[PDB]
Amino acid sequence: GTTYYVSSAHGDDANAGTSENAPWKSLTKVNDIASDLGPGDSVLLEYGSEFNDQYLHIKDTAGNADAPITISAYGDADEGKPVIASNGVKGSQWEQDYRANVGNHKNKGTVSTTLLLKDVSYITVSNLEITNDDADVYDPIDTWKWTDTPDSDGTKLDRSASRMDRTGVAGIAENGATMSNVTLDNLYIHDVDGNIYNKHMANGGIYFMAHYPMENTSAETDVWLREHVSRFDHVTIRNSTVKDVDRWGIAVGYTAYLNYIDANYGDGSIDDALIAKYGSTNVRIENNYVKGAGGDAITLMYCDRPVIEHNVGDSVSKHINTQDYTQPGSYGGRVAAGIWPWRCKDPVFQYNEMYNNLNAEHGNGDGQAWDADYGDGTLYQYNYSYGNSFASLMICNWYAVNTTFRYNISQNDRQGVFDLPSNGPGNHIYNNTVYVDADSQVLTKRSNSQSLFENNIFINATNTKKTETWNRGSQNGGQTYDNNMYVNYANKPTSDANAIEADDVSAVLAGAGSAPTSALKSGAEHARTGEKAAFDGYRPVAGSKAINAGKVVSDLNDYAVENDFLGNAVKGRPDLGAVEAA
């Protein structure tokens, strides 16, 4: 149960380093001891401290389950969280190598990381503040606007394809072993000036990823690698803010072992034992705020039943445009969505908010709040989206299958609400409420494939009775509708024989269009009940035609109906849309 103290301002590196009286000055000292830590051991940084040009790497060690390694703060809360700032320095730089093709991507190279956790299990990092700033780079999200001239705003970017990859925090498994019980709590990562382009290097706010311990060159490497898997388990990332980072905000689970997970795409189903063995289990991503990532907000990759809840994404895809994403090379990737999964099995995304995913007008080929990408059994529920530049939800191409999307609310998402380009079968879209403004419509123009629409409230938030295109394409049977409400439309889907039609949204819900237009300044999520309840406009009014109008639903993907958008138990015959009448 040893416990180190690092100050700076009060510290001195000649000191013993143990006890509050005798703190170390720098993190150089922590790094010399870092590999020997230490179940029950800790390293407390002093609130107020500023470790400029420093970093904290921890390689090849662990806690046990009775006593994890800490790394946290000490002293007066009110002095502000201790800063670790690596400023890209030589010491923070390491050679990253997946040791395998991981698709059309940089898989290998130099990386600056401020807080590196390489095969460290039973560790918990908390109450820190992490930067990886470059003074040459500055384009803050708080004052970002699109201008006719690049870097007009007193701003400046490094648009080089070969820009050094930078991370705030990286967790790396590359021993052929599990890395487990890693917890990140109440961190404030920002100004990680990474590579604008690279998706699968440790490049952005937080990134967890796994490598083969060696290149797969023979019969005998391939027997071993099949059994000995760098993977994650019980990774928890909560109460943190990531802000002004390139590329990814928060990404977890990309792995060289996709060479076995993706060997046979088949019909897009994903075997339970495959994803359990080669993928990351018990990943949880809770109560985070992500703002002004260059690319995607939060993304789970190759994860087995992860839980993504109470997070707020906001104004991401900042550099996915034609004036910033100028060197895509043969890698491409001028696309980003909000909060979503890649080749996961039955991920649950619930009670999230996603706002203002940017730049679909300016070269972001996606720009959606939610994206059930390739993967199987994705569940998006009780989420709110506002103001995304391209759709609320995409279901992406052949191997995006068995999606459920329910009890979500979409408000002023632009250029289509649902984006269904060549997606696989098994998708179910029910009890959602969508407010569709003149800048949008129900489906994206490029939509062409499967979804079953039931119990939804579609709201034409324009000043005429709109004649909507309810159907595009027929790939995998295209779009079928049953038991939905259409508000203020001239037409309905020809496939719906249980249509409920309403003339005027004011007799259907208390105040449609009135949910927030912005994240809370703190980045915490909006209240749904009590004095600050931000969603009461989407409640059905007395005599609403949405009361007891929905069919009992049978979820295509075996997820039992539990509650509504506001935590209320769904009774017998459900109400239409996302919110039951009280």
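Numbers for residues come from their place in the sequence shown, where the first is 1.
The mean C-alpha temperature factor is higher for 48 to 56 when 48 to 56 and 511 to 519 are set side by side. Two stretches are in play, 257 to 265 and 77 to 85, and the higher mean C-alpha B-factor belongs to 77 to 85. The PDB entry assigns its highest CA temperature factor, among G171, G333, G367, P150, to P150. Split the chain's modelled residues into thirds by C-alpha temperature factor. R284 is in the middle one. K465 sits in the highest third of its chain by CA B factor, as recorded in the PDB entry. Remark: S474 belongs to the highest third of its chain, ranked by C-alpha B-factor as recorded.
In the PDB entry, a CA B factor belonging to the highest third of its chain's modelled residues is recorded for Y122. When the modelled residues of the chain are ordered by their C-alpha B factor, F418 lands in the lowest third.
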